[PDB]
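Chains C and E supply the protein sequences, listed in that same order. Quick note on the authors' numbering: the first sequence kicks off at 237 and runs consecutively. Quick note on the authors' numbering: the second sequence kicks off at 237 and runs consecutively.
Protein chains: 2
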Amino acid sequence: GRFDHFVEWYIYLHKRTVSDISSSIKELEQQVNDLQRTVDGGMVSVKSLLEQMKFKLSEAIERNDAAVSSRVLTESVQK
Amino acid sequence: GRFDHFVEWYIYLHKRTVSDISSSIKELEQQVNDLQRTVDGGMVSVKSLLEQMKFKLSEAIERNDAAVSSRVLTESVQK
């Protein structure tokens, strides 16, 4: 049996009983907004970090929309 | 013959010739100044690149001092 897949799934249920969308939304947006308010003059030499952060925020803003829209059982009752 | 080592060494020499020795050492201090720009932006959150560049300065101090000093001759002459 895929017990490693089970323990990763169980970890994701524990951190999806509020504390993963929190991570994907709040801290990623606040890092992105901090960089956006940092770079108001431009200057690619720290804008390099920002595009990586915004791409990571986009990558984590995927893998969540299907998890909310295609959800019949809530993520705690499965646990 | 370690042509891999030669071509890596020769890209090192090209970068150091066109940038590090034509108008002094610049590619490390520009990202040092990037860290001095981003060190007081609020929440720090940049510990991944806070220390991985700090020992690059130490690398350029304790390895290039032999190559620029009296023991090993001038790098443009090596090229």
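For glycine and all other residues, C-beta sits at the position ideal for the given N, C-alpha and C.
What does the Cβ neighbour count give for residue 286 of chain E, buried or exposed, with the cut at 16 atoms within 10 Å?
exposed
What does the alpha-carbon distance come out to for the pair residue 257 of chain E and residue 297 of chain E?
Looking at the two C-alpha atoms, the distance is approximately 15 Å.
Would residue 268 of chain C and residue 275 of chain C qualify as a contact pair, given that the criterion is a beta-carbon distance under 8 Å?
no
Is it true that the stretch 297-309 of chain E meets the stretch 241-250 of chain E, where meeting means three or more beta-carbon pairs spaced less than 8 Å apart?
no
So, helix, strand or coil for residue 300 of chain C, using DSSP?
coil
Could one say the Cβ of residue 279 of chain E lies closer than 8 Å to chain C's Cβ atoms, at least one of them?
yes
Along the alpha helix (DSSP H) that carries residue 284 of chain E, what are the first and last residues, could you check?
283-287
Measure the CB-CB distance between residue 293 of chain E and residue 249 of chain E and report whether it falls below 8 Å.
no
Are there 16 or more other CB atoms within 10 angstroms of the CB of residue 252 of chain E, so buried, or fewer, so exposed?
With 16 or more other Cβ atoms within 10 Å, it is buried.
Using a Cβ cut-off of 7 Å, which residues of the stretch 243-266 of chain E contact any Cβ in chain C, in chain order?
266
Hey, how far is the Cα of residue 280 of chain E from the Cα of residue 295 of chain E?
25 Å
For residue 246 of chain C, which residues in the same chain have their Cβ closer than 8 Å to its Cβ, ignoring the five residues on either side in sequence?
315
Expected contact under 8 Å - CB spacing of residue 278 of chain E and residue 270 of chain C to nearest Å:
6 Å
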